[PDB]
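Notes to accompany the following structure.
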Amino acid sequence: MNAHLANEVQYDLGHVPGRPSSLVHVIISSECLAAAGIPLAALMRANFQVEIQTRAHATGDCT
Amino acid sequence: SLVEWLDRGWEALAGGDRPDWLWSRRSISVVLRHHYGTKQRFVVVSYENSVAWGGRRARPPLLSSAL
Amino acid sequence: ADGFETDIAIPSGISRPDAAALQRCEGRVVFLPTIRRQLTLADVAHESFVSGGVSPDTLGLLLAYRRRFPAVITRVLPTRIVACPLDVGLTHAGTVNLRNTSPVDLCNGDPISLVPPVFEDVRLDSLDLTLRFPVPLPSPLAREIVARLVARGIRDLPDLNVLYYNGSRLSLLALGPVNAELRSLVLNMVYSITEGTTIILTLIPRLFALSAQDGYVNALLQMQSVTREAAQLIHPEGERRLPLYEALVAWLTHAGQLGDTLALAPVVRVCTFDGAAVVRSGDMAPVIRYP
Amino acid sequence: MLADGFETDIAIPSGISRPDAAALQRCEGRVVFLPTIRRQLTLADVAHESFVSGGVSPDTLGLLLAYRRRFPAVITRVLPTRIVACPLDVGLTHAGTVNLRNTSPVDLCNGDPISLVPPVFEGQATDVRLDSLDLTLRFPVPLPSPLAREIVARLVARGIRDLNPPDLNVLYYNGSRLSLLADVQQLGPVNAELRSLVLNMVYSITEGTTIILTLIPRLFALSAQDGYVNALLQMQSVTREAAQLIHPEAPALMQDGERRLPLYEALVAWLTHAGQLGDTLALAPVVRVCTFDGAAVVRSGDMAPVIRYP
């Protein structure tokens, strides 16, 4: 919620990488979180830092 | 508008306001998508007045799925 | 007793018209270099404020009155001028009469700061010096009346003359030399604010470019918040470099210089006792400092 | 202020090595941070060990916020059993005068307000140690008020370089060349300083400011004619190089411009946020100097009479 909106401030100030790039909001479901990765009770233990990159098509140049 | 009549009802009952209550009152676009990794569903959201995916104010430059 | 009294000696050679004006100036604000028992009148006069070469302007008089020390003249002997300083001598006595040179009336319970005579004169012939007395006007008007006269000077490069306090008119225009006397204060305003409104606009390259009234509030609130997310909401991260970080420090000192000038602290509060609450022009007002 | 004033008492623990007792008698006039205005405290409360934060040793730039949370007080007289001090926010004495010894490299002039700085400068870093009680005492440096606003401006601008992967060390006053000792700054308190800046930075921008921005071409034309206007720009400001490129112009016409004064409203909002900010980063200049037998210069290493500043 608050993390959903403070990230909109990041695109407005231009701190995000890539000026032609645009912003997409995603709600991850808890069942999608379980089968892919980490357990759920760990995140229970109010914002959390997540590092995000973008990877280009078929050539190993990432942000 | 009745939206202004809503805003006084929220402000009186909560004793205040955050933007969390602002976005819930205008509209919201709540779309199912499905994950390529582990087959599960997830939700893509574009707020109304936002700068993101579909936004009332900020669409330069809008992006296409033509490719 | 134990009351402190500065004694100002008048040099002899006073003509009979000259002593009559000094007889009349009983309750007025007078500055002095250092708190001391005995002192000449040459340090009192307006000639003692000069740097050259140059009679000091409105900006220097605001700077001088921090370093100078305010004192109110008591009874005036023909021998000497007995005046008590405000900051040390009044903490034991408690009550000092004070006459307004201001045309603005005084209510009870008001804080009063001192303003140089920019709002708008005594000169002695035989002793070859001038006297300029500051204006004891109230402190909420003091941040206003100074800022009105600054706003006129920006128009030199609606009516600003309207100031209605406690049911009374005021005319700031009343002319010629008042504008040029104030010119140095005007330039340090614009140079401070425009250097302010470039560095903030360089560190945040899209304050004006950000969307109006709703994204700007969302940019405001996260910056307004207390939470740990602070630095990633601010910074934008051969060829010459903009010396921004040095221009920070030179602007902060110049802004820090003007904080002491334009505070106009409440030196004097007036408590009317056994009399009318409204103290008008040319009337002695009792003075009680902070305990 | 009371009729007698208010004098706190800092009690001394009984275990004293006699050289540490003579070390306290050299602290005749210093500045002491009290956490409260309680009448009786201990030396452990005064010293640097309780003056730390929880688990984390504060740096020099982070020590400023620890000052304004506490109460500066001045030691009057060292007794064999206790130390008597007077607070500054409370009305200070019966008489209105305190002596303050200069642990400062710079001499003092009359009337100038005193703010106070942590031990920052090179070479003169002097902290009294009470090795019988295993205590350390870091005492602040009293300095004139435009100097303290420089040093805060030098430290805060240094930390903004650390968020961006030359030079700013050297100050000048009375012709003296002097730099300052600093190695690292914690990323915590810098954000507390920076957020205190940019909120006060934004709150000066009002509708009249854009009208003032139209006078940027006037000043760069006026600095040609008078050297007093040349005393502004100094070649290191943005506005000299900003005027060389941008030619701004006014918006028109303002909403409800008949009833209101936009240039007046921009100034008063500027005087309450940006001109206030010299108070917001450091602590307030509570004290100025009034010598009685008139000494224009109070030399470094000597006492001085002391009177409150509003």
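Labeling convention for the structure tokens: chains A, B, ... as they appear, residues from 1 per chain, ligands from 1 in order of appearance.
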
Could you list, as a PDB file with N, CA, C and O atoms, in the first residue's frame, every residue within 7 Å of residue 306 of chain D, counting only C-alpha atoms and ignoring same-chain residues fewer than 2 positions away?
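Output saved as selection.pdb:
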```pdb
ATOM      1  N   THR D  97      25.249  36.488  35.087  1.00  0.00           N
ATOM      2  CA  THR D  97      26.574  36.377  34.488  1.00  0.00           C
ATOM      3  C   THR D  97      27.223  35.058  34.880  1.00  0.00           C
ATOM      4  O   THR D  97      27.082  34.602  36.018  1.00  0.00           O
ATOM      5  N   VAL D  98      27.914  34.436  33.920  1.00  0.00           N
ATOM      6  CA  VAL D  98      28.674  33.203  34.111  1.00  0.00           C
ATOM      7  C   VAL D  98      30.030  33.428  33.448  1.00  0.00           C
ATOM      8  O   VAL D  98      30.145  34.209  32.499  1.00  0.00           O
ATOM      9  N   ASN D  99      31.074  32.794  33.973  1.00  0.00           N
ATOM     10  CA  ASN D  99      32.359  32.752  33.294  1.00  0.00           C
ATOM     11  C   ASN D  99      32.444  31.504  32.427  1.00  0.00           C
ATOM     12  O   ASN D  99      32.015  30.422  32.836  1.00  0.00           O
ATOM     13  N   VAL D 287      23.659  32.162  23.937  1.00  0.00           N
ATOM     14  CA  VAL D 287      24.589  32.949  24.738  1.00  0.00           C
ATOM     15  C   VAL D 287      25.384  33.881  23.836  1.00  0.00           C
ATOM     16  O   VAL D 287      25.928  33.447  22.816  1.00  0.00           O
ATOM     17  N   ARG D 288      25.436  35.162  24.199  1.00  0.00           N
ATOM     18  CA  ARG D 288      26.409  36.085  23.639  1.00  0.00           C
ATOM     19  C   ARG D 288      27.305  36.626  24.753  1.00  0.00           C
ATOM     20  O   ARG D 288      27.171  36.268  25.926  1.00  0.00           O
ATOM     21  N   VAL D 289      28.226  37.510  24.371  1.00  0.00           N
ATOM     22  CA  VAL D 289      29.329  37.942  25.223  1.00  0.00           C
ATOM     23  C   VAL D 289      29.189  39.430  25.507  1.00  0.00           C
ATOM     24  O   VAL D 289      29.032  40.231  24.578  1.00  0.00           O
ATOM     25  N   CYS D 290      29.272  39.805  26.784  1.00  0.00           N
ATOM     26  CA  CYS D 290      29.251  41.207  27.204  1.00  0.00           C
ATOM     27  C   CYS D 290      30.337  41.428  28.253  1.00  0.00           C
ATOM     28  O   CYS D 290      30.076  41.274  29.449  1.00  0.00           O
ATOM     29  N   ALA D 304      35.351  34.576  30.106  1.00  0.00           N
ATOM     30  CA  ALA D 304      34.611  35.695  29.558  1.00  0.00           C
ATOM     31  C   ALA D 304      33.287  35.828  30.292  1.00  0.00           C
ATOM     32  O   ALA D 304      32.699  34.806  30.672  1.00  0.00           O
ATOM     33  N   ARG D 308      22.739  35.735  28.401  1.00  0.00           N
ATOM     34  CA  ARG D 308      21.805  35.077  27.498  1.00  0.00           C
ATOM     35  C   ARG D 308      21.483  35.926  26.268  1.00  0.00           C
ATOM     36  O   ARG D 308      21.572  37.158  26.275  1.00  0.00           O
TER      37      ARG D 308
END
```

(message) With only C-alpha atoms as the counted atoms, please give the residues lying no more than 12 Å from residue 20 of chain A, apart from itself and same-chain residues fewer than 4 positions off, as an NGL selection string.
(response) (:A and (11 or 14 or 16)) or (:B and (59-63))

(message) Can you pull out the residues contacting residue 259 of chain C? Cut-off 9 Å, using only C-alpha atoms, and skip same-chain residues under 5 positions away; I want them as a PyMOL selection string.
(response) (chain C and resi 254) or (chain D and resi 271+274-279)

So that each row is one residue of chain A with an atom at most 7 Å from chain B, can you give its shortest atom pair and the distance in Å to one decimal, using only C-alpha atoms, rows by chain and rising number, as JSON lines?
```
{"residue": "A:1", "atom": "CA", "partner": "B:20", "partner_atom": "CA", "distance": 6.4}
{"residue": "A:8", "atom": "CA", "partner": "B:51", "partner_atom": "CA", "distance": 6.9}
{"residue": "A:22", "atom": "CA", "partner": "B:52", "partner_atom": "CA", "distance": 6.9}
{"residue": "A:23", "atom": "CA", "partner": "B:52", "partner_atom": "CA", "distance": 5.1}
{"residue": "A:24", "atom": "CA", "partner": "B:53", "partner_atom": "CA", "distance": 5.6}
{"residue": "A:25", "atom": "CA", "partner": "B:45", "partner_atom": "CA", "distance": 5.6}
{"residue": "A:26", "atom": "CA", "partner": "B:44", "partner_atom": "CA", "distance": 4.5}
{"residue": "A:27", "atom": "CA", "partner": "B:43", "partner_atom": "CA", "distance": 4.8}
{"residue": "A:28", "atom": "CA", "partner": "B:42", "partner_atom": "CA", "distance": 5.2}
{"residue": "A:29", "atom": "CA", "partner": "B:42", "partner_atom": "CA", "distance": 5.2}
{"residue": "A:31", "atom": "CA", "partner": "B:40", "partner_atom": "CA", "distance": 6.7}
{"residue": "A:32", "atom": "CA", "partner": "B:40", "partner_atom": "CA", "distance": 5.1}
{"residue": "A:35", "atom": "CA", "partner": "B:38", "partner_atom": "CA", "distance": 6.1}
{"residue": "A:36", "atom": "CA", "partner": "B:38", "partner_atom": "CA", "distance": 6.1}
```

(request) Determine, counting only C-alpha atoms, which protein, DNA and RNA residues have an atom within 9 Å of an atom of residue 43 of chain C; residues of the same chain fewer than 5 positions away are not included. Present the result as a list in words. (result)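 Everything that qualifies: residues 31, 32, 33, 48 and 49 of chain C.
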
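Atom CA of residue 267 of chain C is positioned 29.8 Å from atom CA of residue 39 of chain D.
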
(request) Work out how far apart atom CA of residue 157 of chain D and atom CA of residue 286 of chain D are and give it in Å to one decimal. (result)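 Atom CA of residue 286 of chain D lies at a distance of 24.9 Å from atom CA of residue 157 of chain D.
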
(request) For residue 232 of chain D, work out the shell of residues within 12 Å, counting only C-alpha atoms and skipping chain neighbours fewer than 2 positions away, then give it as a PyMOL selection string. (result) (chain C and resi 184+187-192+194-195+247+250-251+254) or (chain D and resi 219-220+222-224+226-230+234-240)

(message) If DSSP is run on the backbone, what residues of segment 20-60 of chain D are helix (DSSP H, G or I)? A reply as a PyMOL selection string would be ideal.
(response) chain D and resi 20-25+43-46

(request) May I have the residues of chain D within 7 Å of chain C, counting only C-alpha atoms, written as a VMD selection string? (result) chain D and resid 1 96 110 to 112 146 149 to 150 153 to 154 157 164 191 195 199 201 212 to 213 232 236 to 239 258 263 to 264 267 274 to 276 278 290 to 294 310

Give me a file of those residues, with N, CA and C atoms, as a short mmCIF file (atom, residue, chain, number, x, y, z; two decimals), in the first residue's frame.
```cif
data_model
loop_
_atom_site.label_atom_id
_atom_site.label_comp_id
_atom_site.auth_asym_id
_atom_site.auth_seq_id
_atom_site.Cartn_x
_atom_site.Cartn_y
_atom_site.Cartn_z
N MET D 1 13.49 31.40 35.16
CA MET D 1 14.42 31.89 36.17
C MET D 1 13.73 32.10 37.51
N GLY D 96 22.91 36.90 36.55
CA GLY D 96 22.86 37.01 35.11
C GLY D 96 24.19 36.91 34.40
N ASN D 110 33.06 41.11 21.29
CA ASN D 110 31.90 41.48 22.10
C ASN D 110 30.62 41.36 21.30
N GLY D 111 29.55 40.96 21.98
CA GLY D 111 28.22 40.93 21.40
C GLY D 111 27.91 39.74 20.52
N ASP D 112 28.91 38.97 20.12
CA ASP D 112 28.66 37.89 19.18
C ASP D 112 28.02 36.71 19.89
N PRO D 146 28.24 32.74 13.51
CA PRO D 146 28.42 32.47 12.08
C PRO D 146 29.45 31.40 11.78
N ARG D 149 27.61 27.94 12.06
CA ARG D 149 26.80 27.70 10.88
C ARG D 149 27.64 27.35 9.67
N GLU D 150 28.91 27.75 9.64
CA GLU D 150 29.81 27.28 8.59
C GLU D 150 30.14 25.81 8.77
N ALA D 153 27.55 23.50 7.93
CA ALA D 153 27.40 23.49 6.48
C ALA D 153 28.54 22.74 5.80
N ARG D 154 29.72 22.70 6.43
CA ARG D 154 30.81 21.92 5.84
C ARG D 154 30.62 20.43 6.08
N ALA D 157 27.36 19.08 3.91
CA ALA D 157 27.71 18.99 2.50
C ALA D 157 28.73 17.90 2.22
N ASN D 164 26.98 9.67 -3.51
CA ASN D 164 27.17 9.84 -4.94
C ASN D 164 28.51 9.23 -5.36
N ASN D 191 20.68 11.25 6.90
CA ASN D 191 19.31 11.30 6.39
C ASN D 191 18.42 12.14 7.29
N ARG D 195 16.71 15.23 5.48
CA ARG D 195 15.26 15.39 5.49
C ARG D 195 14.86 16.68 6.19
N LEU D 199 12.71 19.46 3.42
CA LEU D 199 11.38 19.93 3.81
C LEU D 199 11.39 21.44 4.01
N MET D 201 13.62 23.30 2.56
CA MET D 201 13.95 23.82 1.24
C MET D 201 12.69 24.05 0.41
N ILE D 212 10.06 36.43 -8.58
CA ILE D 212 11.42 36.82 -8.20
C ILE D 212 12.44 36.21 -9.15
N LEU D 213 12.14 35.03 -9.71
CA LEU D 213 13.03 34.39 -10.67
C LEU D 213 13.16 35.15 -11.97
N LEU D 232 27.97 39.52 -4.61
CA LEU D 232 27.02 38.44 -4.45
C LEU D 232 27.54 37.14 -5.04
N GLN D 236 31.13 31.13 -7.74
CA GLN D 236 30.85 29.79 -7.28
C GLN D 236 29.37 29.55 -7.08
N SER D 237 28.54 30.58 -7.22
CA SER D 237 27.11 30.39 -7.14
C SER D 237 26.59 29.74 -8.42
N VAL D 238 25.40 29.15 -8.30
CA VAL D 238 24.73 28.61 -9.47
C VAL D 238 24.20 29.75 -10.33
N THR D 239 23.74 30.83 -9.69
CA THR D 239 22.94 31.85 -10.38
C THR D 239 23.75 32.67 -11.37
N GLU D 258 -6.06 40.46 -7.60
CA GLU D 258 -6.54 41.73 -7.05
C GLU D 258 -6.48 41.74 -5.53
N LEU D 263 4.24 38.54 -4.00
CA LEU D 263 5.62 38.78 -3.59
C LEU D 263 5.76 38.88 -2.08
N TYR D 264 4.73 39.39 -1.40
CA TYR D 264 4.78 39.46 0.05
C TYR D 264 4.65 38.08 0.68
N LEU D 267 7.95 35.97 0.62
CA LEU D 267 9.03 36.38 1.51
C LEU D 267 8.80 35.88 2.93
N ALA D 274 13.62 28.94 5.38
CA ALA D 274 15.01 28.92 4.94
C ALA D 274 15.88 29.79 5.83
N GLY D 275 15.41 31.00 6.15
CA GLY D 275 16.11 31.83 7.11
C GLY D 275 16.06 31.32 8.53
N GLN D 276 15.17 30.36 8.81
CA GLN D 276 15.10 29.69 10.10
C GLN D 276 16.11 28.56 10.21
N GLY D 278 19.24 27.95 9.91
CA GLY D 278 20.42 28.06 10.75
C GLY D 278 20.19 27.62 12.19
N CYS D 290 29.27 39.80 26.78
CA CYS D 290 29.25 41.21 27.20
C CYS D 290 30.34 41.43 28.25
N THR D 291 31.55 41.79 27.82
CA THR D 291 32.60 42.15 28.77
C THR D 291 32.25 43.46 29.46
N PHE D 292 32.61 43.57 30.73
CA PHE D 292 32.18 44.70 31.54
C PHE D 292 33.29 45.74 31.67
N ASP D 293 34.45 45.33 32.16
CA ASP D 293 35.66 46.07 31.86
C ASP D 293 35.97 45.76 30.40
N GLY D 294 35.81 46.75 29.53
CA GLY D 294 35.68 46.49 28.11
C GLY D 294 36.90 45.92 27.42
N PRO D 310 18.27 36.10 23.53
CA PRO D 310 16.81 35.91 23.61
C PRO D 310 16.23 34.49 23.53
#
```

With only C-alpha atoms counted and 8 Å as the cut-off, give the residues of chain A in contact with chain C, each with its shortest interatomic distance in Å and the pair that gives it, as a Markdown table.
```
| residue | atom | partner | partner_atom | distance |
| --- | --- | --- | --- | --- |
| A:5 | CA | C:218 | CA | 7.7 |
| A:6 | CA | C:222 | CA | 6.6 |
| A:9 | CA | C:219 | CA | 5.6 |
| A:10 | CA | C:233 | CA | 6.6 |
| A:12 | CA | C:210 | CA | 6.8 |
| A:13 | CA | C:206 | CA | 6.3 |
| A:14 | CA | C:236 | CA | 7.1 |
| A:15 | CA | C:236 | CA | 6.1 |
```

Write a file of the just-selected residues containing N, CA, C and O atoms, as a tab-separated table (two decimals), in the first residue's frame.
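Listed below is the output, part-v7.tsv:
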```
chain	number	residue	atom	x	y	z
A	5	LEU	N	2.87	2.97	-3.21
A	5	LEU	CA	2.79	4.37	-3.62
A	5	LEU	C	4.11	5.10	-3.57
A	5	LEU	O	4.33	6.01	-4.36
A	6	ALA	N	5.00	4.73	-2.63
A	6	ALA	CA	6.31	5.36	-2.58
A	6	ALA	C	7.15	4.98	-3.79
A	6	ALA	O	8.05	5.73	-4.18
A	9	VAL	N	6.59	7.39	-6.51
A	9	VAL	CA	7.40	8.59	-6.34
A	9	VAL	C	8.77	8.38	-6.97
A	9	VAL	O	9.37	9.33	-7.50
A	10	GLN	N	9.26	7.14	-6.97
A	10	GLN	CA	10.57	6.84	-7.54
A	10	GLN	C	10.59	7.03	-9.05
A	10	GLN	O	11.58	7.52	-9.60
A	12	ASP	N	8.60	9.09	-10.64
A	12	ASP	CA	8.35	10.50	-10.92
A	12	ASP	C	9.63	11.33	-10.81
A	12	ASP	O	9.86	12.24	-11.61
A	13	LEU	N	10.46	11.01	-9.83
A	13	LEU	CA	11.71	11.74	-9.66
A	13	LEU	C	12.79	11.28	-10.63
A	13	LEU	O	13.83	11.94	-10.73
A	14	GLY	N	12.57	10.18	-11.33
A	14	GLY	CA	13.53	9.71	-12.30
A	14	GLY	C	14.63	8.85	-11.74
A	14	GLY	O	15.64	8.64	-12.42
A	15	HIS	N	14.48	8.34	-10.51
A	15	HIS	CA	15.55	7.56	-9.90
A	15	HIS	C	15.62	6.16	-10.48
A	15	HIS	O	16.62	5.46	-10.30
```

(request) State, in Å with one decimal place, the distance from atom CA of residue 57 of chain D to atom CA of residue 137 of chain D. (result)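 These atoms are spaced 14.1 Å apart.
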
(request) Excluding residue 156 of chain D and any residue of its chain fewer than 5 positions from it, enumerate the residues within 12 Å of it, using only C-alpha atoms, and give them as a ChimeraX atom specification. (result) /C:245-246,248-249,252 /D:60-62,64,149-151,161-163,168-169,182,185-187,189-197,281-282

Deliver the residues from the most recent selection as a file, using N, CA, C and O atoms, as a short mmCIF file (atom, residue, chain, number, x, y, z; two decimals), in the first residue's frame.
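Final output, saved to selection34.cif:
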```cif
data_model
loop_
_atom_site.label_atom_id
_atom_site.label_comp_id
_atom_site.auth_asym_id
_atom_site.auth_seq_id
_atom_site.Cartn_x
_atom_site.Cartn_y
_atom_site.Cartn_z
N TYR C 245 28.09 21.67 -4.34
CA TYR C 245 28.28 21.43 -2.92
C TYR C 245 29.01 22.58 -2.25
O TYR C 245 28.82 22.83 -1.05
N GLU C 246 29.85 23.29 -3.00
CA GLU C 246 30.40 24.54 -2.48
C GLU C 246 29.35 25.64 -2.49
O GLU C 246 29.31 26.48 -1.58
N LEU C 248 26.25 25.11 -1.98
CA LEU C 248 25.47 24.85 -0.77
C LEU C 248 25.96 25.69 0.39
O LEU C 248 25.18 26.38 1.05
N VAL C 249 27.27 25.65 0.65
CA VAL C 249 27.82 26.20 1.88
C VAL C 249 27.76 27.72 1.86
O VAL C 249 27.40 28.35 2.85
N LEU C 252 24.15 28.66 2.49
CA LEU C 252 23.71 28.41 3.86
C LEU C 252 24.25 29.45 4.83
O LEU C 252 23.57 29.82 5.79
N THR D 60 30.66 12.54 14.54
CA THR D 60 30.67 13.97 14.80
C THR D 60 29.40 14.63 14.27
O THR D 60 28.79 15.47 14.95
N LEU D 61 28.98 14.27 13.06
CA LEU D 61 27.78 14.86 12.49
C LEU D 61 26.52 14.37 13.19
O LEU D 61 25.54 15.11 13.30
N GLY D 62 26.53 13.13 13.69
CA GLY D 62 25.39 12.61 14.42
C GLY D 62 25.30 13.07 15.85
O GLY D 62 24.28 12.84 16.50
N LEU D 64 25.31 16.17 16.81
CA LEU D 64 24.57 17.43 16.89
C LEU D 64 23.13 17.20 17.32
O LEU D 64 22.58 17.96 18.13
N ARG D 149 27.61 27.94 12.06
CA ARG D 149 26.80 27.70 10.88
C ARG D 149 27.64 27.35 9.67
O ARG D 149 27.13 26.70 8.75
N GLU D 150 28.91 27.75 9.64
CA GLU D 150 29.81 27.28 8.59
C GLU D 150 30.14 25.81 8.77
O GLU D 150 30.07 25.03 7.81
N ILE D 151 30.49 25.41 9.99
CA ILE D 151 31.01 24.08 10.26
C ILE D 151 29.93 23.02 10.06
O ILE D 151 30.20 21.93 9.53
N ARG D 161 28.25 14.06 -0.51
CA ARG D 161 29.20 13.43 -1.43
C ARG D 161 29.22 11.92 -1.27
O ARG D 161 29.45 11.20 -2.25
N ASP D 162 28.96 11.42 -0.06
CA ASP D 162 29.04 9.99 0.20
C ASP D 162 27.87 9.21 -0.39
O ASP D 162 27.95 7.98 -0.47
N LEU D 163 26.80 9.88 -0.80
CA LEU D 163 25.69 9.23 -1.47
C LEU D 163 25.84 9.24 -2.98
O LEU D 163 24.90 8.85 -3.68
N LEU D 168 36.34 20.01 0.09
CA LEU D 168 35.66 20.83 1.10
C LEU D 168 36.19 20.43 2.47
O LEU D 168 35.60 19.58 3.15
N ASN D 169 37.29 21.05 2.89
CA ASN D 169 37.77 20.85 4.25
C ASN D 169 38.16 22.18 4.89
O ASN D 169 38.07 22.34 6.11
N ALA D 182 37.70 14.54 10.26
CA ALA D 182 36.54 13.67 10.12
C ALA D 182 36.92 12.54 9.18
O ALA D 182 37.59 12.77 8.17
N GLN D 185 30.96 9.13 8.33
CA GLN D 185 29.71 9.61 8.89
C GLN D 185 28.68 8.51 8.72
O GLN D 185 28.61 7.88 7.66
N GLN D 186 27.91 8.25 9.78
CA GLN D 186 26.89 7.21 9.71
C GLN D 186 25.75 7.65 8.80
O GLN D 186 25.33 8.80 8.83
N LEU D 187 25.25 6.70 8.01
CA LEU D 187 24.22 6.99 7.02
C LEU D 187 22.87 7.30 7.67
O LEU D 187 22.02 7.91 7.02
N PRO D 189 22.16 9.38 10.67
CA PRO D 189 21.93 10.80 11.01
C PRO D 189 22.04 11.75 9.83
O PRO D 189 21.51 12.86 9.92
N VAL D 190 22.73 11.36 8.76
CA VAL D 190 22.81 12.21 7.58
C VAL D 190 21.44 12.34 6.93
O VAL D 190 21.04 13.43 6.49
N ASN D 191 20.68 11.25 6.90
CA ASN D 191 19.31 11.30 6.39
C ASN D 191 18.42 12.14 7.29
O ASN D 191 17.50 12.81 6.81
N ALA D 192 18.67 12.11 8.60
CA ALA D 192 17.94 12.98 9.51
C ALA D 192 18.29 14.44 9.30
O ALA D 192 17.43 15.32 9.44
N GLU D 193 19.55 14.73 8.95
CA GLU D 193 19.91 16.10 8.60
C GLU D 193 19.33 16.49 7.25
O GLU D 193 18.84 17.61 7.08
N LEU D 194 19.38 15.57 6.29
CA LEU D 194 18.99 15.90 4.92
C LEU D 194 17.49 16.07 4.80
O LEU D 194 17.02 16.97 4.09
N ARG D 195 16.71 15.23 5.48
CA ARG D 195 15.26 15.39 5.49
C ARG D 195 14.86 16.68 6.19
O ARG D 195 13.87 17.31 5.81
N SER D 196 15.64 17.11 7.18
CA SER D 196 15.40 18.41 7.81
C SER D 196 15.74 19.55 6.86
O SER D 196 15.22 20.66 7.03
N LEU D 197 16.60 19.31 5.88
CA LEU D 197 16.89 20.34 4.88
C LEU D 197 15.75 20.47 3.89
O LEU D 197 15.13 21.53 3.77
N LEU D 281 19.45 22.98 12.14
CA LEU D 281 20.46 21.94 12.03
C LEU D 281 21.28 21.82 13.31
O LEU D 281 21.30 20.76 13.95
N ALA D 282 21.94 22.89 13.71
CA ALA D 282 22.65 22.95 14.98
C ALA D 282 21.66 23.30 16.09
O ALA D 282 20.45 23.23 15.92
#
```

(request) For residue 281 of chain C, work out the shell of residues within 6 Å, counting only C-alpha atoms and skipping chain neighbours fewer than 2 positions away, then give it as a PyMOL selection string. (result) chain C and resi 100+103+283

(request) Compare B:49, B:24, B:29, B:1 by their minimum atom-to-atom distance to chain C, counting only C-alpha atoms, and give me the closest one. (result) B:49

(message) Could you check the closest approach to chain B for each of C:71, C:172, C:50, C:212 and tell me which residue wins, using only C-alpha atoms?
(response) C:212
